[PDB]
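First, one chain by itself in structure tokens, the form deposited in one PDB entry.
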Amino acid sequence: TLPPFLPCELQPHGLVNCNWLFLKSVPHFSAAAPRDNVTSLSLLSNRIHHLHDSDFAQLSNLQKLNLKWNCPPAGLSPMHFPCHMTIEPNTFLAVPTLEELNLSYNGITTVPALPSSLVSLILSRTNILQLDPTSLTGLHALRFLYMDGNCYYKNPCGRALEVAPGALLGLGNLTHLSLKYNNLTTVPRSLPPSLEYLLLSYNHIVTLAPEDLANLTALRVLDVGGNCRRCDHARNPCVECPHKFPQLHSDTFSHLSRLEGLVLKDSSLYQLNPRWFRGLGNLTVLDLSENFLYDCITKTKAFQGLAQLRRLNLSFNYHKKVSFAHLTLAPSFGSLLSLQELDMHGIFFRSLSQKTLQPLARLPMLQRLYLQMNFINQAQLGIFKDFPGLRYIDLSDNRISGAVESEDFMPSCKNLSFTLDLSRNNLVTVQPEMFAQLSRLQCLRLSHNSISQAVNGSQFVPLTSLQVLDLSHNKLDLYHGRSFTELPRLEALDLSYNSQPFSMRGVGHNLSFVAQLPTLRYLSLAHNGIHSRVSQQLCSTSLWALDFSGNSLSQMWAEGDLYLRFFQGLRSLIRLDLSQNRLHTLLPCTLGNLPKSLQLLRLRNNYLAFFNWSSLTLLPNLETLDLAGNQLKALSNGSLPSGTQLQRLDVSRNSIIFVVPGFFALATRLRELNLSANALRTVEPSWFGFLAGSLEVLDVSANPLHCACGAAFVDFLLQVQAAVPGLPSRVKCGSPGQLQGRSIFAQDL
């Protein structure tokens, strides 16, 4: 049975996904298709420039419709091609069940007629420059109206968006209104008092008064940021904001008793008026980033009594010309008893001392502290010892150099109690004194420093709780046998991208320390170019995962018998990545020397042109084998051996032309098979002994299928269509003639 909505794909929850199919018109599906079951129709980024009364009328129960990016205005078109989208009068009225409509990134200049069922309407990046009471007539259920970006540098219009006074008052249920990037100079008058979210950023609203927020006492979030910009900080085209601005009335916000979030970023503020925050008893999030508040934060009383604030962003409040020698936060920060997160990155100050953050030092709920990108060159990390709630400190991208004068292979630190990021700093050695008061730390990131030390067990002595240590992207000289032995709780160690020492031709290195790390579970030695003069064996009874990608096992395993048991003493290993090791050849003997406990083996992006399948019996616990990106020319030379517990096999991006009958048939636990990006001209059920119904994933995309009438693959792919990703569109013909590059369904074979 054909996919029911060709050329589109039926996805869960009644979604017909027609995205990125280069359609010039809305598909008309068969009277035989289950049109009644379609609840969402996605037409993202097709080339539909004309919508008709008939387009959606046969989808009797359509609730959600996405027409984004079909006819982009010239400014947003990659080639600046103009586009005007025409819409027949009843296009959307013909869908009286429609609840959500996305019409963004289309060249339309007026709002079409819309059914009164509508709950959510997105008209952003269109060319609609006016809203009046007739524009959205009858939409009494509308909760969300987003119309951002109809007049700005990427979509210019030569004037302001004009929203007539009271234009939206008929929208009695409207809770969310966003009108960003519309070249506004004033807040539209008499907006719906139902509003909870009003987003007016990146216009030119440079004066704000309580009258501009009349009757909006239901507001939970107000964003007026980016209206009076500091263009020194801009990454994009930026209009200068004259120095008399902004002009905020002291009582602008005082009636917004329900306000939870206020965004005043990128407003050229040199002053905080405490009166702005005084009526705001429910305020939990305040964004003051990208202002000129560097001196203000040393003295302000504006945080006095804001004992409910949870998140405060003061990032990029930097002085144009300078960094500060010292920075001392105002006493009023000590009032912020609910504060959980403080972002102070990008301010630029040279010293972090006890005085710097003293008012924060007893805040009981302060969990996250962002101090990155501050050009700090002296930091007393001991200041943090007694912060009672700290989970996470980001001190990355600083110039600290010492004491004061995927997850299957490497876990993240997100679930840990206390994490310090000192990555992208200027350490060349590690001295334990810098860590003396950080014994509570569970995770420490030191990646991308300049550490060139021969570590030896003396560096990390204070770090008695440390579980995870990231030393990636340094120059550690590994040879001392007691490296990292001073870390009693170390479970994960990342030594990836420490290749320089290993590249020193003729100088030996030593990985015997690995055996002396009794709790180590995850290790990376990836991208180190390890290739000669190293330990003959890695040993560990604890290790579960080893990333050895990006080395030269090719060289090592060509060196007589020296390295043939390199991984064998990893007696508990379950995951091993040998990708990108320049392997042109393996031995069965060498595969039988990997740990018997192995469950997952990656050999991606090597140069293997032959693989001895029968050797898989030497890894009885193997579940996943990844051979993607090698040079296999066939799946032959026997077939997958019996008794295999293999569940997942990836042979994508090889050069496979042929698979022998039965190749996969004895791998009774096989569930996921990737054959994508090979040279297969057919897909044969005989490869599976005609028992392919247990597969959950069978990816045959990017193969030169021969689209002749009655090829095996047609019927077969239909039989296992639930397993084949992208079947309707991404499974293409290589031949014959004009079918090359087309879907196998472009024609009925």
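The numbering used is simple: start at 1 and walk along the sequence shown. Superpose the two forms; the largest set of C-alphas matching within 1.5 Å is the rigid core.
Quick note: we don't show the form deposited in another entry, though the next part is all about it.
Once the core is superposed between the shown form and the other one, every option in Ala234, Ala214, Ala436, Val660 stays below 2 Å in C-alpha shift except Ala234. Once the rigid core is used as the reference frame, the Cα position of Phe349 differs between the shown form and the other one by less than 2 Å.
A movement of the C-alpha atom of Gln631 falling short of 2 angstroms is seen between the shown form and the other one when the two forms are aligned on their rigid core. Once you line up the core between the shown form and the other one, the Cα of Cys589 stays within less than 2 Å of where it was.
In that other deposited form, the Cα positions of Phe502 and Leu591 lie at least 3 Å farther from each other than in the form displayed.
Relative to the displayed conformation, the Cα-Cα distance from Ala325 to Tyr270 shrinks by 3 Å or more in that other deposited form.
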